[PDB]
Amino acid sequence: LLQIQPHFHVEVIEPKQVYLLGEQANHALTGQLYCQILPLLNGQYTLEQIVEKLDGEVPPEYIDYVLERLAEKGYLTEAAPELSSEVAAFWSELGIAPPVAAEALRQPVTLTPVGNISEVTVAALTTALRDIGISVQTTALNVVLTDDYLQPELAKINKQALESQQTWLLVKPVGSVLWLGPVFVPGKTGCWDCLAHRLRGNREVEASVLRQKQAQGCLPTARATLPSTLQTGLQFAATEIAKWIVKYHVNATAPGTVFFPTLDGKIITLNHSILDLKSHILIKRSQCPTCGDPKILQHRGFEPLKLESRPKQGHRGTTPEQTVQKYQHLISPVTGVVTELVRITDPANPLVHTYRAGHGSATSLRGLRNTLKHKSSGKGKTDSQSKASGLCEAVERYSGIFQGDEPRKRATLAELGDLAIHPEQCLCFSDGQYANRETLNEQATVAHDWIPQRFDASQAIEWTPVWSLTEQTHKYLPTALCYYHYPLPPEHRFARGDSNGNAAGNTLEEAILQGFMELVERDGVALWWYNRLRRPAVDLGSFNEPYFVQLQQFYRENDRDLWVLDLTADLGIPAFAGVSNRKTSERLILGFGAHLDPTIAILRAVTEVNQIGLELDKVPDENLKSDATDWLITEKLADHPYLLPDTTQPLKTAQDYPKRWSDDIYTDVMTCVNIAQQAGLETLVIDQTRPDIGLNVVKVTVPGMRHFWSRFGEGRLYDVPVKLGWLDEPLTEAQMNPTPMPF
């Protein structure tokens, strides 16, 4: 039996047109013969029965040419008597012949309940499937129903499925948010552990409560269920099960040729409370310990660091808008690493662009409220550059969190000898600080200035291999520094990982450059702030960029002033600090930039000032809950002369900063490493890049360079200001700035 595709309403307009009307597409047939034939391509009639309806009206040769012409064009298929007109219409709209869909639906399916899923609920799905021609067996697809995607049984199931080469589906039809998908195809899509890795990091409250509870497998919250939401989710499931059953059957007949989407490597969340559907992507983790090989990172840490030439087009290899498109898939509260990415830019203001990214273990409510506050901020001259900044800083953080597969080996400092680097070279805490450790921390405003316990060199700790660009060989730092949140014994907490010298980039050498510049940025500020030096302001008109002059004008209309000091030190790399107060609480803000190109450095500073200041500024002062609040409410520019420019010195200009960058990022990195080599500094890098993430992330460490946190150990903090003549004689530890750098 023959028919035009069922999903089309056939409309014949007598002269020479016949319109094929679908719900999602429309077509048009022109030619008088179509008007005669198509009223009889409804599914009732055989090719043969047609003729008596029009023998002597049309010869059969003309008819065969029409059918063969309609057939190879994609409008003609044969009826399937097993399916209703409405069921057939559904599969034809997805481009699947009714007879094909019919033989595809014979394929049975298995259901497996897990968690606290009722036996009745399972029957309801069997029922929903039964009504659409799908039978259940007591296979090609194993559907798993759960009330939480971290139910520990799912591990065993996932393992068996991997060994069994079984395709399975996960669903959660209970609770206010239906979870639907993914379809796990072992060897093509990620495993459940690939998904679970992300879900554990994205549920910090539930994770800590487990830590607080165990210190004395998961926690189910899917209690909010209507009869309608449950049914909505089962039926929704049954429809996507059917779509996967068909897809599979056709790809055995002829791989490809089916281009409608299924939940393979995809998770759908439908929120019933607020009403929103979101599609999440599941990346197969190449270093997954279950479906993958988790030894990638351990190898790579010990392999030489291969760097090559990278062309350039503001000092990055590719646009920011590109970067976001290709790493957008990481923005997801389920499968993702960044929760959300939000503009706080008032679109009435084209100058100010700030994004807020979304974001951690804790063993107490106090420690827990500190987590969740942590969130990355996007800063830039352009909304697009700001958007990339916000997104990448979030991934910069995650990629550095210690997962347990990082490159290390256990040994004492003595065994390694010359290749190992004592952590006190990186931290630079003073013997005084270490001695009064317990008191100094109790009496500390913010926890950035946490003084760790002294390193004990008798102990065999885990050391990470790090690549020395200067010496072109592998050195070693304690793993506790090279990664965030590395767990150390309570008797020997000698370090916490810090964000200093950490950076991302579209390429490895892109990141190292920024990572190095992040180090220069901090070292400079430390010398200015803790010695309390007087520095010259920068003439922002001398620079060709007009953004500076327009931005200053903006701040003026908004009850503020703005100036930029020079912090460039013995390395001679353009460093700057932007400063701004309210001329009507003064609320002083600081921002810091460092780069070979001073115009970028000024820019880095000023944009960072906008990020911090103005967003806090619209809020009234008594309500503020930020970390650096006390400094914004109480402190005054009169009590900090080192913040305003030394009128005695001449204003800096564009001509006072020579150019040392090039057309290649790699070359600039080779320049930066030699600038540090003359200062007697070694440059070290660790590749923190996660394969499942893709975006390059490194930690650059140049031991001896100063952090702007209160670390008053002997070194460049006393010596460099003398070396350059900013001071006639070195300051003392007692003399250093007792007010910590508040940002």
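Residue indices: 1-based, along the sequence shown.
Engineer: Is there a break between residue 228 and residue 229, and how many deposited residues does it span: none, 1 to 3, 4 to 9, or 10 or more?
Structural biologist: Gap between residue 228 and residue 229: none.
Engineer: Please count the deposited residues lying between residue 359 and residue 360 that the model leaves without coordinates, and give the class: none, 1 to 3, 4 to 9, or 10 or more.
Structural biologist: According to the record, 1 to 3 deposited residues lack coordinates from residue 359 to residue 360.
Engineer: Can you let me know which of the two, 572-580 or 536-544, has the higher average C-alpha B-factor in the entry?
Structural biologist: Looking at the recorded C-alpha B-factors, 536-544 comes out higher on average.
Engineer: Should the higher mean CA B-factor in the entry be assigned to 264-272 or to 611-619?
Structural biologist: It is 611-619.
Engineer: Identify, among 250, 446, 421, 330, the residue whose C-alpha carries the highest B-factor in the deposited PDB entry.
Structural biologist: That would be 446, according to the entry.
Engineer: Take the CA temperature factors straight from the PDB entry and tell me which of 289, 81, 505, 591 peaks.
Structural biologist: Highest CA B-factor of the listed options: 81.
Engineer: Compared with the other modelled residues in the chain, in which third is the CA B-factor of residue 148?
Structural biologist: Within its chain, residue 148 is a lowest-third residue by C-alpha B-factor, going by the deposited values.
Engineer: Among the modelled residues of its chain, does the C-alpha B-factor of residue 704 lie in the lowest, middle or highest third?
Structural biologist: Bottom third by C-alpha B-factor.
Engineer: Could you tell me which third, lowest, middle or highest, the C-alpha B-factor of residue 39 occupies within its chain?
Structural biologist: Answer is middle: the recorded C-alpha B-factor places it there.
Engineer: Where does residue 355 sit by CA temperature factor within its chain: lowest, middle or highest third?
Structural biologist: Ranked within chain, residue 355 CA B lands in the highest tercile.
Engineer: Would you check the entry's CA temperature factor for residue 690 and let me know if it's in the chain's lowest, middle or highest third?
Structural biologist: For residue 690, the deposited C-alpha B-factor lands in the lowest third.
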